[PDB]
Amino acid sequence: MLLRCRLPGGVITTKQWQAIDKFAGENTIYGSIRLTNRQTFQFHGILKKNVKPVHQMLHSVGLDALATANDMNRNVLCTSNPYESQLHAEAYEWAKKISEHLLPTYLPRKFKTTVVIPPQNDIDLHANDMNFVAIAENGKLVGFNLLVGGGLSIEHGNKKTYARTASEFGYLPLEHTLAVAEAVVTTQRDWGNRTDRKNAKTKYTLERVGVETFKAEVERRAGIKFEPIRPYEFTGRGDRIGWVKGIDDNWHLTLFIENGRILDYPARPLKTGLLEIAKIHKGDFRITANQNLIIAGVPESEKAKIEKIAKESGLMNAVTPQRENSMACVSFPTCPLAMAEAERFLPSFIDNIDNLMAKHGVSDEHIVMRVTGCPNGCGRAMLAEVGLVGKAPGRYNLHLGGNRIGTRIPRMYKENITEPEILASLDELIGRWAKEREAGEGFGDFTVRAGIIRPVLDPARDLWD
Ligand code: SRM
Ligand code: SF4
Ligand SMILES: [K+]
């Protein structure tokens with residue numbers, strides 16, 4: 001009653017879309033397509049009668065789901081809508097090559113990989129084991145900076161677990177990408193703590209052996225020496241909602257989809273709308289790491305026809321910058337591990353946050369705000385400026401002090417509190433931010449600067465109070 005597709009970089013054809021739309025509507029309990037924050041999609045509630053039909057459906061359009069249980073990798077991410085549009089094709093080709101290279105070495109724990117195009121960190125590289133940060137010259141990839149060892153999962157009350165950001169190893173020319181990817185994976189395979197499953201992730205391996213030790217073994221196995229890191233900076237993690245110009249005469253329409261949940265709602269036929277777009281659209285779709293959808297490669301002559309369907313179906317309903325930059329995991333009703341609501345909580349929670357932002361005169365601003373239903377961390381709250389981590393029904397740990405670009409873990413601020421208490425705290429804090437912030441200063445950076453919360457500087461040692 002849960003299927004998830006392999007879909008490197010989130011790129012899905014309109015023929016593939018029509019097939020998964022038909023299956024979702026006819027052969028699942030919930031009737032939805034759920035976009036995931038690893039750039040793929042899920043069905044919910046597949047009856048026993050429809051388990052063979054769904055793998056045959058995927059195969060009929062060239063898709064595979066083939067998970068996982070004995071076979072550990074997850075979907076390889078790729079920046080969906082780079083500002084330098086010409087870089088996407090090559091970066092996506094490399095995400096596909098890496099994905100195919102790592103198809104079945106049993107790993108100690110699942111392993112997550114990304115291809116990132118600065119200045120966008122939409123794929124949230126610090127949540128991932130292995131990250132290839134693209135470096136380009138003259139519109140062509142020349143190589144990657146490698147960052148290793150991110151991961152967000154924690155267990156409540158267990159100070160031996162922690163979220164960790166990823167560590168820079170150095171730069172590699174493009175030709176060494178697959179050798180380096182294999183070397184990182186096999187080093188983790190060999191050095192990971194297999195016995196203790198809560199200690200098996202690469203983030204723990206790196207802390208046990210040291211970054212230089214792991215890096216040296218990767219160099220030896222890959223047959224390379226890393227070069228110094230080549231400069232890169234991120235400016236944000238959000239999607240580019242609306243129309244942006246791509247390559248040639250093409251345009252990309254990114255649609256905000258709340259929680260990535262695609263279903264026909266009253267007066268908002270989101271699912272039928274996307275089907276009608278799939279039937280006329282000349283290009284592909286791209287599922288983003290923010291659970292949104294890009295209608296990619298629209299010729300200028302077709303913009304008006306695509307926008308008409310999107311507007312009439314509810315897919316272009318205006319929301320605040322705050323809502324565009326908020327995210328939650330699935331949680332209830334389908335997740336067996338859920339402690340508190342996330343997806344079903346987020347719309348009314350952000351309604352309340354929207355009122356606080358307006359009350360303090362910052363309705364045009366945003367705070368990267370995420371809700372995760374339990375500390376496994378799928379909603380990526382442990383990279384948010386404001387993160388909520390489910391503890392029990394209606395109760396969350398409130399974390400503060402991440403940043404807009406996702407390079408710092410937020411420390412826990414208040415433990416095991418309800419929504420009214422969270423909103424009361426955030427009302428006070430957003431008020432202070434609005435009045436005391438420096439020009440362009442984000443909410444998370446402010447809570448650190450103003451001494452509201454201490455920063456997390458070295459998570460393996462200082463995440464836990
Ligand atoms: C759908 C998604 C959340 C979303 O709203 O988008 C999701 C949903 C679930 N995740 Fe995940 N995870 C999703 C991204 C993540 C991420 C974020 C990311 O990868 O960018 C994390 C934190 C990053 C990390 O791994 O450190 C994440 C860490 C987990 C973990 C904890 C892993 C660990 O190291 O301890 C579990 C539990 C487990 O593996 O035992 C888990 C388990 C689950 C399961 C399958 C629960 C289960 O084991 O039975 C969830 C199914 C819920 C449902 O009913 O659909 N999921 N999960 C994401 C699907 C991504 C995908 O296509 O593969
Ligand atoms: S964070 Fe917990 S509740 Fe949310 S989807 Fe992941 S496992 Fe389920
Ligand atoms: K979304």
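Just so you know, residue 1 is the first one in the sequence shown, and it goes up from there. Atoms within each ligand, like the ligands themselves, are counted from 1 in listed order.
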Shortest protein contact, [atom] (heavy atom only):
| atom | result |
| --- | --- |
| atom 55 (O) of ligand 1 | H44 NE2, 2.7 Å |
| atom 47 (C) of ligand 1 | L337 CD1, 3.7 Å |
| atom 51 (C) of ligand 1 | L2 CD1, 3.8 Å |
| atom 49 (O) of ligand 1 | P336 CG, 3.5 Å |
| atom 20 (O) of ligand 1 | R380 NH1, 2.8 Å |
| atom 62 (O) of ligand 1 | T36 OG1, 2.8 Å |

| query | Going by atom types alone, do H366 and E324 pair a side-chain donor with an acceptor below 3.5 Å? | reply |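 Short answer, no.
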| task | Indicate whether any N or O donor in one side chain lies under 3.5 Å from an N or O acceptor in the other, for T36 and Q42. | result |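 Checked: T36/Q42 side chains show no N/O donor-acceptor pair below 3.5 Å.
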| query | Hey, is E343 one of the residues with a heavy atom under 4.0 angstrom from ligand 1? | reply |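 The answer is no: ligand 1 sits nowhere under 4.0 Å from a heavy atom of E343.
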| Below 4.0 Å from any atom of ligand 1, is there a heavy atom belonging to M327? |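 Heavy atoms of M327 never come under 4.0 Å of ligand 1.
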Give yes if a backbone or side-chain nitrogen or oxygen of [X] is under 3.5 Å from a nitrogen or oxygen of ligand 1, and no if not.
| X | value |
| --- | --- |
| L35 | no |
| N37 | yes |
| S331 | no |
| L152 | yes |

I want to confirm something. Looking only at heavy atoms, which of [options] is nearest to [atom]?
| atom | options | value |
| --- | --- | --- |
| atom 32 (C) of ligand 1 | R4, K110, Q42, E155 | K110 |
| atom 15 (C) of ligand 1 | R74, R38, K112 | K112 |
| atom 34 (O) of ligand 1 | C335, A127, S153 | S153 |

[Y] side chain reached by [X] side chain, heavy atoms, under 4.5 Å:
| X | Y | answer |
| --- | --- | --- |
| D462 | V456 | yes |
| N27 | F43 | no |
| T288 | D122 | no |
| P393 | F332 | no |
| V115 | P8 | no |
| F132 | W94 | no |
| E168 | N145 | no |
| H88 | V11 | yes |

Atoms of ligand 1, numbered as shown, that sit under 4.0 Å from any heavy atom of [X]:
| X | answer |
| --- | --- |
| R34 | 4 (C), 5 (O), 6 (O) |
| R197 | 40 (O) |
| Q291 | 4 (C), 5 (O), 6 (O) |
| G151 | 26 (O) |
| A328 | 5 (O) |
| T40 | 62 (O) |

Determine whether more than 12 heavy atoms belonging to other residues, nucleotides or ligands lie under 6.0 Å from atom [atom1] of [X].
| X | atom1 | answer |
| --- | --- | --- |
| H55 | NE2 | yes |
| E93 | CD | yes |
| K22 | NZ | no |
| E233 | CD | no |
| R197 | CZ | no |

| task | Mind checking salt bridge (charged side-chain N to carboxylate O under 4.0 Å, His left out) for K112 and listing every partner two or more places apart, or none if nothing turns up? | result |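 With neighbours one apart ignored, the set is empty.
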| query | What pairs with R395 under salt bridge (charged side-chain N to carboxylate O under 4.0 Å, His left out), at least two apart in sequence or on another chain? | reply |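 Listed in chain order: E421.
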| Within a radius below 2.8 Å of atom 4 (Fe) of ligand 2, how many protein N, O or S atoms are present? |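 Counting protein N, O and S atoms closer than 2.8 Å to atom 4 (Fe) of ligand 2 gives 1.
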| query | Would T113 and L77 satisfy side chain to side chain contact (heavy atoms under 4.5 Å, CB included), going step by step from the backbone distance to the final call? | reply | CA-CA 7 Å; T113 304; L77 316 189; over 6 Å; no
| Sphere of radius 2.8 Å around atom 11 (Fe) of ligand 1 - protein N, O or S atoms inside |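 For atom 11 (Fe) of ligand 1, the protein N, O and S atoms that sit under 2.8 Å away are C378 SG.
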| When you look for heavy atoms under 4.0 Å from ligand 1, do you find them on the side chain of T334, its backbone, both, or neither? |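 The answer is both.
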| Counting only heavy atoms, which portion of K198 has something under 4.0 Å from ligand 1: side chain, backbone, both, or neither? |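 For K198, there is no contact with ligand 1 at all, from either part.
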| said: Check this for me, if you would: do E307 and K303 make a salt bridge, where the nitrogen-to-carboxylate-oxygen distance has to be below 4.0 angstrom? | reply: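 Between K303 and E307 there is no salt bridge, as every charged N stays at least 4.0 Å from the carboxylate O atoms.
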| Option among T105, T205, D129 that satisfies the side chain to side chain donor-acceptor pair (under 3.5 Å) test with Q188 |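 That would be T205; it is the only one of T105, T205, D129 passing the side chain to side chain donor-acceptor pair (under 3.5 Å) with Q188.
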| message | Is the distance between the ring centroids of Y396 and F349 under 6.0 Å? | response |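 No.
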